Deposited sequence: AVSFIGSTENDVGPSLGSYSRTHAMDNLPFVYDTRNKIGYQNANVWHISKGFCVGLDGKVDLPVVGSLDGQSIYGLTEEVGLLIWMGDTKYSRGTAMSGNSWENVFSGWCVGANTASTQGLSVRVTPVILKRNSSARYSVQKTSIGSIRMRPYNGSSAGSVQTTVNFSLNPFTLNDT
């Protein structure tokens, strides 16, 4: 079985957090993130992975991963994936991408399926502080497999970047 147990709208990073440092310049480990181990409850052999999608415009790339634009001065490198931050998948493009290959809970037990979103800021144009306002980032959808069914359960949750300030 499967049930939606998380929230539809999720904020990434602490509200009004401040982070200190040729263009572009990359700043923050897992500070600017959202993590929740319990977004769906799954049981009895339900098999499930995750897809992710970023809606922000791509304004460049670094090492195979897109730089997503927020404003003229600030961009973002983004990762989406399973609960643990180290399992994040670097995002590229604006399409749904596989960000967690998946797992199956045992035939006779129960657990939960989680997710995480992480971003690190990139300075694109220098001006001595850069502030960004609350911005929609994208979404993550569960991906049942092995015959498992999404059914009527809510499949998608969204993410918004909480406002932040970058210090020279």
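Counting the deposited sequence from 1, the stretches lacking C-alpha coordinates are 22-26, 33, 134-135, 177.
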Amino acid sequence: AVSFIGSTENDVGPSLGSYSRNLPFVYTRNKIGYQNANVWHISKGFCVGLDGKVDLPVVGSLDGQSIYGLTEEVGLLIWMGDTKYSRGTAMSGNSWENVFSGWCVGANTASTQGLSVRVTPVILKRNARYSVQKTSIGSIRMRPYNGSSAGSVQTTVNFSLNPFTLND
From here on, numbers count along this sequence of modelled residues.
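Across the other PDB entries of this protein whose models span the neighbouring residues, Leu23 goes unmodelled in a third or more. Averaged over CA atoms, B-factors in the entry run higher in 128-136 than in the other of 128-136 and 29-37. Of the two segments examined, 42-50 and 118-126, it is 118-126 that shows the higher average Cα temperature factor in the deposited entry. Placement of the Cα temperature factor of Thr156 within the chain: middle third of the modelled residues, per the deposited record. Remark: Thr89 belongs to the lowest third of its chain, ranked by C-alpha B-factor as recorded. Among all modelled residues in its chain, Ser66 ranks in the highest third by Cα B-factor. Among all modelled residues in its chain, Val59 ranks in the highest third by Cα B-factor. Among all modelled residues in this chain, the alpha-carbon of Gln113 has a temperature factor (C-alpha) in the lowest third.
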